[PDB]
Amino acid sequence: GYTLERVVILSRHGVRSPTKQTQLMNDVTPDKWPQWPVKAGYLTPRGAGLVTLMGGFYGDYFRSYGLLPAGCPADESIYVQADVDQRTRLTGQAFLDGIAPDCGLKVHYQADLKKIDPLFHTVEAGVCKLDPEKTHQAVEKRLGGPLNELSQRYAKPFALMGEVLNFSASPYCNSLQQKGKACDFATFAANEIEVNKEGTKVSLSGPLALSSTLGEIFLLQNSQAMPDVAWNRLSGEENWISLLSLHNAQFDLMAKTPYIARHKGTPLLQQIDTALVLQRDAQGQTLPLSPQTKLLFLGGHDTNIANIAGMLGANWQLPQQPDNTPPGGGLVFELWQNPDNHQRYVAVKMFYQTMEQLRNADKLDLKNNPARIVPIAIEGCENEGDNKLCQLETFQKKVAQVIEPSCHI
């Protein structure tokens, strides 16, 4: 039986309200968008509740492998570091409240909340720049051709989005008709990538970008347990998968394309790796970890998970969760050891709540209703057995190959 030595969780924050509403999001449907109980982008109180339920599951799971004891953890054995946003801070705290209730443990974060954290937003912080030509070339290579082919590649999902929106009856469609254009949702505008002149932001505009945002909104509505999701026009598991495939495609192109992913993800990959093996003074280990550290939780974003997955050549689909980087989901790194020969191994898993588990705020447990756990294959690793184990030396080698040296924190 192998020993679980240490764990790093790269978590998305929990259920949040939508990002700020734009005129375009309004104009592509005749219907009114449901209002939310919190400011744009904030974790909702129900979202914090769900994260706490997941924290409880994490606690049950890790305690089953003796990583943490019963009751309050040994001090300094869990470290929780969050990005500066409300949704990430509060997710970190909701996690602790679940995994170690009434233990006085606290989320930690950057001293100045009014500045970007380069660990979570490396390119934004100017650590390293994206070159516009290389970015365009890389996203072509990822996609397998020009952006105009997205309309065919995702024809059925785009048609479904237009249906869900009732796009044909929308102000945007009328503006097309008045110029003598048809109202094909897939081609309402061009898909275009823009790298700013500083090389500190890459943005996508057009139908894929919009559809990625809107599909997430619907998924959030459902996860928040709002009574009317997508105006009652979105039903069925395959429709959910198809609609969210636009969102996942947008994350693949904009966040997993290795040129972009390695620039954005180097600091987090190094922090993960160095925490996992507990090389406390190695380059890229940015946190005041103790020798007794057993578990690091990193409270971040879907983009962070995607960046890491793109660096590591990881790709997945989550049963009963159509967003690959879902609310409250965590990309979990486990260090295992064979006590017989001392060989160590890394395992990578997505831990997540299904749509139904989020909507119904299901209490989670190891036996009857567990969070879902999906083992993740890593490109160039042994991926051996059901747990897809990578030999530690192989994993360390892979990390060293895919980091961008210029993007060290």
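Residue positions are given as counts along the sequence shown, with the first one as 1.
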Mean C-alpha B factor from the entry: is it higher for 67 to 75 or for 326 to 334? 67 to 75
Going by the average Cα B-factor in the PDB entry, point out whether 45 to 53 or 336 to 344 comes out higher. 336 to 344
Which has the highest CA B-factor per the PDB entry: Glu163, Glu140, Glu133, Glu124? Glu133
Member of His247, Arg87, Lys294, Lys201 with the greatest C-alpha B factor (per the PDB record): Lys294
CA B-factor placement of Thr257, once the chain's modelled residues are sorted into thirds: lowest
By the recorded C-alpha temperature factor, relative to the other modelled residues in its chain, which third is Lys129 in? middle
Chain thirds of CA B-factor: placement of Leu392: highest
Considering every modelled residue of the chain and its Cα B-factor in the PDB entry, is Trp33 in the lowest, middle or highest third? middle
Taking only the Cα B-factors deposited for this chain, tell me whether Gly144 sits in the lowest, middle or highest third. middle
